[PDB]
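Enquirer: This is work-v5.txt (compact mmCIF, C-alpha atoms (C1' of nucleotides)).
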# COMPACT_ATOMS: atom_id res chain seq x y z
CA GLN A 295 -25.29 -21.55 -88.32
CA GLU A 296 -22.14 -22.95 -86.74
CA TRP A 297 -19.58 -25.15 -88.47
CA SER A 298 -19.83 -28.91 -88.96
CA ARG A 299 -16.06 -29.53 -88.58
CA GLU A 300 -15.74 -29.95 -92.35
CA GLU A 301 -14.60 -26.53 -93.66
CA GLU A 302 -11.49 -25.87 -91.54
CA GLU A 303 -9.42 -28.29 -93.63
CA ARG A 304 -10.13 -26.53 -96.93
CA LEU A 305 -9.77 -23.19 -95.13
CA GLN A 306 -6.24 -23.94 -93.93
CA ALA A 307 -5.39 -25.52 -97.29
CA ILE A 308 -6.35 -22.34 -99.16
CA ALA A 309 -4.59 -20.22 -96.52
CA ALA A 310 -1.37 -22.19 -97.00
CA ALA A 311 -1.67 -22.13 -100.80
CA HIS A 312 -2.23 -18.35 -100.81
CA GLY A 313 0.16 -17.40 -98.00
CA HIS A 314 -2.23 -16.12 -95.29
CA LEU A 315 -2.22 -12.68 -96.94
CA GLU A 316 -5.90 -11.77 -97.50
CA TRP A 317 -8.49 -13.76 -95.56
CA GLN A 318 -11.35 -12.10 -97.47
CA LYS A 319 -10.58 -13.84 -100.77
CA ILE A 320 -9.99 -17.10 -98.88
CA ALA A 321 -13.42 -16.89 -97.24
CA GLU A 322 -15.04 -15.97 -100.57
CA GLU A 323 -13.44 -18.94 -102.35
CA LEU A 324 -14.33 -21.28 -99.48
CA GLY A 325 -18.04 -20.57 -99.98
CA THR A 326 -19.36 -20.30 -96.42
CA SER A 327 -21.57 -17.19 -96.82
CA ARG A 328 -19.93 -15.82 -93.66
CA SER A 329 -17.62 -12.92 -92.85
CA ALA A 330 -13.87 -13.47 -92.74
CA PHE A 331 -13.66 -12.42 -89.08
CA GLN A 332 -16.38 -14.91 -88.10
CA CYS A 333 -14.48 -17.87 -89.58
CA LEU A 334 -10.95 -16.75 -88.68
CA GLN A 335 -11.78 -16.96 -84.97
CA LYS A 336 -12.77 -20.63 -85.23
CA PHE A 337 -9.81 -21.25 -87.56
CA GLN A 338 -7.37 -19.92 -84.96
CA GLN A 339 -9.26 -21.81 -82.25
CA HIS A 340 -8.79 -25.07 -84.17
CA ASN A 341 -5.22 -24.16 -85.18
CA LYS A 342 -2.30 -25.80 -83.37
CA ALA A 343 0.36 -23.14 -84.05
CA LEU A 344 -0.96 -20.90 -81.25
CA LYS A 345 0.41 -23.31 -78.63
CA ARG A 346 4.02 -23.99 -77.62
CA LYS A 347 6.37 -26.96 -77.27
CA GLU A 348 8.96 -28.41 -74.89
CA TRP A 349 10.47 -25.76 -72.62
CA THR A 350 13.96 -24.40 -73.26
CA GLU A 351 16.52 -22.87 -70.90
CA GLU A 352 16.93 -19.33 -72.26
CA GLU A 353 13.25 -18.55 -71.67
CA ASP A 354 13.67 -19.45 -67.99
CA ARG A 355 16.04 -16.48 -67.66
CA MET A 356 13.40 -14.12 -69.07
CA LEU A 357 10.69 -15.62 -66.86
CA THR A 358 12.83 -15.26 -63.73
CA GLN A 359 13.67 -11.66 -64.68
CA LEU A 360 9.99 -10.80 -65.22
CA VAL A 361 9.11 -12.43 -61.88
CA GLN A 362 11.86 -10.69 -59.91
CA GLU A 363 10.79 -7.41 -61.55
CA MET A 364 6.97 -7.51 -61.28
CA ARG A 365 5.89 -10.35 -58.97
CA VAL A 366 4.01 -9.58 -55.76
CA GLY A 367 3.75 -11.88 -52.75
CA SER A 368 2.43 -15.36 -53.45
CA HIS A 369 0.66 -14.14 -56.62
CA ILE A 370 2.41 -14.19 -60.00
CA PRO A 371 0.97 -12.14 -62.92
CA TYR A 372 1.17 -14.76 -65.67
CA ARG A 373 -0.83 -12.44 -67.94
CA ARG A 374 2.25 -10.22 -68.06
CA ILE A 375 4.21 -13.31 -69.13
CA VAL A 376 1.63 -13.94 -71.86
CA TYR A 377 1.99 -10.32 -72.99
CA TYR A 378 5.79 -10.44 -73.10
CA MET A 379 6.45 -14.08 -74.02
CA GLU A 380 4.79 -14.94 -77.33
CA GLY A 381 3.15 -18.32 -77.84
CA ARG A 382 2.33 -19.00 -74.18
CA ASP A 383 -1.37 -18.95 -73.30
CA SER A 384 -2.82 -18.48 -69.81
CA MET A 385 -3.89 -22.09 -69.16
CA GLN A 386 -0.71 -24.18 -69.22
CA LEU A 387 1.81 -21.37 -68.56
CA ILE A 388 1.18 -21.31 -64.80
CA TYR A 389 2.96 -24.68 -64.57
CA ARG A 390 6.15 -22.69 -65.25
CA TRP A 391 5.97 -21.80 -61.55
CA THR A 392 3.87 -24.69 -60.21
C1' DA B 1 28.18 -56.42 -68.75
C1' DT B 2 22.64 -54.43 -70.15
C1' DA B 3 16.85 -54.64 -70.74
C1' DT B 4 12.93 -54.66 -68.77
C1' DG B 5 11.41 -54.26 -63.49
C1' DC B 6 8.70 -50.48 -60.91
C1' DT B 7 9.11 -45.47 -59.36
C1' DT B 8 8.08 -40.55 -60.00
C1' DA B 9 9.88 -35.11 -62.35
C1' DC B 10 6.75 -32.94 -65.55
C1' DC B 11 4.85 -30.90 -69.68
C1' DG B 12 -0.02 -33.47 -72.90
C1' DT B 13 -5.85 -30.74 -72.26
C1' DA B 14 -9.91 -29.81 -68.75
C1' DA B 15 -13.57 -27.86 -65.22
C1' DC B 16 -15.23 -25.95 -60.94
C1' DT B 17 -13.85 -23.58 -58.64
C1' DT B 18 -13.09 -16.25 -56.21
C1' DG B 19 -14.51 -12.23 -57.29
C1' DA B 20 -14.63 -7.31 -60.53
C1' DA B 21 -16.70 -5.47 -64.86
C1' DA B 22 -20.98 -5.35 -67.57
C1' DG B 23 -26.05 -6.03 -68.82
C1' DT B 24 -31.12 -6.33 -66.49
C1' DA B 25 -35.50 -5.80 -64.05
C1' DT B 26 -37.91 -2.82 -60.20
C1' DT B 27 -39.76 0.17 -57.17
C1' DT B 28 -39.31 5.24 -55.85
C1' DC B 29 -38.60 10.41 -56.66
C1' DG B 30 -39.85 13.78 -59.33
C1' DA B 31 -41.75 15.90 -63.46
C1' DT B 32 -45.95 15.85 -66.53
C1' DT B 33 -50.88 15.50 -67.50
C1' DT B 34 -55.66 15.96 -66.50
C1' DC B 35 -59.58 17.11 -63.91
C1' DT B 36 -62.11 21.17 -61.38
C1' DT B 37 -64.20 25.99 -60.66
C1' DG B 38 -65.28 30.96 -62.53
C1' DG B 39 -64.52 35.25 -65.33
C1' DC B 40 -63.25 37.04 -69.66
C1' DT B 41 -66.36 38.54 -73.41
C1' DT B 42 -73.53 41.29 -75.07
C1' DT B 43 -77.74 43.03 -72.64
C1' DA B 44 -81.56 44.62 -70.18
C1' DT B 45 -83.86 49.62 -67.62
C1' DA B 46 -83.40 49.66 -63.25
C1' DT B 47 -80.96 53.86 -59.84
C1' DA B 48 -78.80 54.33 -55.44
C1' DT B 49 -75.86 57.54 -53.35
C1' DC B 50 -71.61 58.66 -52.02
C1' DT B 51 -67.06 59.01 -53.15
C1' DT B 52 -63.14 59.54 -56.77
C1' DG B 53 -60.98 61.28 -60.18
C1' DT B 54 -61.07 64.77 -62.38
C1' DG B 55 -60.90 70.20 -64.75
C1' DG B 56 -60.99 75.13 -65.74
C1' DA B 57 -60.66 78.17 -63.73
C1' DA B 58 -58.31 81.46 -58.90
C1' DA B 59 -53.44 82.25 -58.42
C1' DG B 60 -48.88 82.63 -58.23
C1' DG B 61 -43.43 81.31 -58.02
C1' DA B 62 -40.18 79.59 -61.93
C1' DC B 63 -36.41 80.23 -64.92
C1' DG B 64 -37.28 81.56 -69.80
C1' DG B 65 -12.41 90.29 -84.47
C1' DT B 66 -11.49 95.80 -85.42
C1' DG B 67 -11.66 100.55 -85.58
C1' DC B 68 -14.64 104.61 -85.68
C1' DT B 69 -16.56 108.73 -84.37
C1' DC B 70 -20.73 111.20 -82.34
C1' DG B 71 -22.30 111.74 -77.58
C1' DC B 72 -22.65 110.38 -71.85
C1' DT B 73 -20.46 111.06 -67.41
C1' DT B 74 -16.53 112.66 -63.89
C1' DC B 75 -13.03 116.01 -62.37
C1' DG B 76 -10.39 119.95 -63.63
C1' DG B 77 -8.27 123.23 -65.72
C1' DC B 78 -7.07 128.77 -64.70
Would you give me this structure, written as structure tokens?
Expert:
Amino acid sequence: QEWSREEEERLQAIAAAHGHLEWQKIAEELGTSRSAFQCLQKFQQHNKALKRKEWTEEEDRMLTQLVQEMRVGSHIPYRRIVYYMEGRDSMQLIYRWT
DNA sequence: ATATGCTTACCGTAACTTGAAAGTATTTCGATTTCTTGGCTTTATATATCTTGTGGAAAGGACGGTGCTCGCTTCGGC
């Protein structure tokens, strides 16, 4: 069975109280009868730390270097930017050249 | 001399969009299975008759260390 949007709060609370070291004990103390890998995916999907914030200037240098080094025609491989630049997903990163 | 007036660069998530990797049903090629006939094995006295294959004969060609001292021959003597 899927979640009911009521266990992620206690999950992140226990993860912050323990230090995000061992997710197995966290899942066992949470009492969901599910594997740690099955709940960690939804935890990271509901987490906000995976995203980014207002754009700086020093990262523009790296983006321009990566473009001038591995861009082809009118297509830009933003997946390479996701691989190199941490924090940027594939959805909202394309705006960096839109 | 400055705040709200409207105007627009842009960093908040979202879905219907183009096409390559990955799971799914389907008929076709080929390999497998199952039928068919028919001889294998016993017997029966019959017995035909003509050839086959043999066999003990005839008869052949085929290959089956070192003195040591009698005596044998050949010249060879005067």
Enquirer: Per residue of chain A within 12 Å of chain B, what are the shortest atom pair and its distance in Å to one decimal, counting only C-alpha atoms (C1' of nucleotides), with rows by chain and residue number, as a Markdown table?
Expert:
| residue | atom | partner | partner_atom | distance |
| --- | --- | --- | --- | --- |
| A:345 | CA | B:13 | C1' | 11.6 |
| A:346 | CA | B:11 | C1' | 10.6 |
| A:347 | CA | B:11 | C1' | 8.7 |
| A:348 | CA | B:11 | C1' | 7.1 |
| A:349 | CA | B:11 | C1' | 8.2 |
| A:350 | CA | B:11 | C1' | 11.7 |
| A:385 | CA | B:13 | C1' | 9.4 |
| A:386 | CA | B:11 | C1' | 8.7 |
| A:387 | CA | B:11 | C1' | 10.1 |
| A:388 | CA | B:11 | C1' | 11.4 |
| A:389 | CA | B:11 | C1' | 8.3 |
| A:390 | CA | B:11 | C1' | 9.4 |
| A:391 | CA | B:10 | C1' | 11.9 |
| A:392 | CA | B:10 | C1' | 10.2 |
Enquirer: Generate the output file for the selected residues, C-alpha atoms, as a compact mmCIF listing (two decimals), in the frame of the given file.
Expert:
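The resulting result21.txt:
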# COMPACT_ATOMS: atom_id res chain seq x y z
CA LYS A 345 0.41 -23.31 -78.63
CA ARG A 346 4.02 -23.99 -77.62
CA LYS A 347 6.37 -26.96 -77.27
CA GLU A 348 8.96 -28.41 -74.89
CA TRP A 349 10.47 -25.76 -72.62
CA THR A 350 13.96 -24.40 -73.26
CA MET A 385 -3.89 -22.09 -69.16
CA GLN A 386 -0.71 -24.18 -69.22
CA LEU A 387 1.81 -21.37 -68.56
CA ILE A 388 1.18 -21.31 -64.80
CA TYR A 389 2.96 -24.68 -64.57
CA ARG A 390 6.15 -22.69 -65.25
CA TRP A 391 5.97 -21.80 -61.55
CA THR A 392 3.87 -24.69 -60.21
Enquirer: Give me the residues near region 309-321 of chain A as a CSV table (one decimal) with C-alpha atoms, in the coordinates of the input, where near means some atom within 9 Å (using only C-alpha atoms (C1' of nucleotides)) and where sequence neighbours in that chain fewer than 5 positions away do not count.
Expert:
chain,number,residue,atom,x,y,z
A,304,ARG,CA,-10.1,-26.5,-96.9
A,326,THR,CA,-19.4,-20.3,-96.4
A,327,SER,CA,-21.6,-17.2,-96.8
A,328,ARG,CA,-19.9,-15.8,-93.7
A,329,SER,CA,-17.6,-12.9,-92.8
A,330,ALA,CA,-13.9,-13.5,-92.7
A,331,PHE,CA,-13.7,-12.4,-89.1
A,333,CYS,CA,-14.5,-17.9,-89.6
A,334,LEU,CA,-11.0,-16.8,-88.7
Enquirer: Just give me the gap between CA of residue 325 (chain A) and CA of residue 341 (chain A) in Å, one decimal is fine.
Expert: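 It comes out at 19.9 Å.
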Enquirer: Do a neighbour search on residue 297 (chain A) at 10 Å with only C-alpha atoms (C1' of nucleotides), toss out local chain neighbours closer than 2 positions, and write the hits as a list in words.
Expert: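 Returned residues: residues 295, 299, 300, 301, 302, 326, 333 and 336 of chain A.
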Enquirer: Separation of CA of residue 307 (chain A) and CA of residue 337 (chain A), in Å?
Expert: 11.5 Å
